[PDB]
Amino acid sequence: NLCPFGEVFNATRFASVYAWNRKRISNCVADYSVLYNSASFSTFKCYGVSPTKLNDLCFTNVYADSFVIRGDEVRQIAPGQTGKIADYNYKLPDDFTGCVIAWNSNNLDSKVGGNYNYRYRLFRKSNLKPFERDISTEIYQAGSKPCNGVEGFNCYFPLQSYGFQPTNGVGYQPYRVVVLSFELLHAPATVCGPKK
């Protein structure tokens, strides 16, 4: 009954940010120590909780969302941010309660010749709602003429590729991100840290 964080953090392939993955965690013992005692993480920011006291708390359930973005975009995975990622790919609510963990994955997700598997949504009519996941690939109409599913002037495929090559500067390197959100409804708590 021990929470499967290894399935999340150590997955061989991560999702593209536009199609971010979500793992529901329930009915298990958390043990966040293995996370916050790791030197491997370039970012570990918590909101509404103390990482210190994580191992002594309970929640109705936990969500672990995971994806890959550019280094320069990690700052956008936080309440109250704007930008292409927060606006069109992955949006945290203002009242977010949880942790954002990010680490440089240049060794896994960069390829000499450039890895282009990971994509982000560049065109969208409006901002995502918090925790909204948009996976449409409909041609984006930027002008007054209908696209009818054909790419051309003013008719753009909405997803665009990151170009991850090992010699990129760090702001252009891929980072793996896991967002833990902690959910407290009005039901029995099924995710507790080891001291509970």
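Residue numbers run from 1 along the displayed sequence.
Participant: Which wins on mean Cα temperature factor, 176 to 184 or 14 to 22?
Facilitator: The entry gives the higher C-alpha B-factor average to 176 to 184.
Participant: On average, which has the higher Cα B-factor in the deposited entry, 52 to 60 or 149 to 157?
Facilitator: Going by the record's values, the stretch with the higher mean is 52 to 60.
Participant: Just grab whichever of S136, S66, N127, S38 has the top CA B-factor as deposited.
Facilitator: Spelled out: the listed residue with the top C-alpha B-factor is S38.
Participant: Looking at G113, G83, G80, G71, which has the highest Cα B-factor in the entry?
Facilitator: The listed residue with the largest C-alpha B-factor is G113.
Participant: Could you say whether, by C-alpha temperature factor, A30 belongs to the lowest, middle or highest third of its chain?
Facilitator: CA B-factor rank for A30: highest third.
Participant: Using the temperature factors of the C-alpha atoms in this entry, rank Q141 within its chain: lowest, middle or highest third.
Facilitator: Lowest third of the chain for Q141's C-alpha B-factor.
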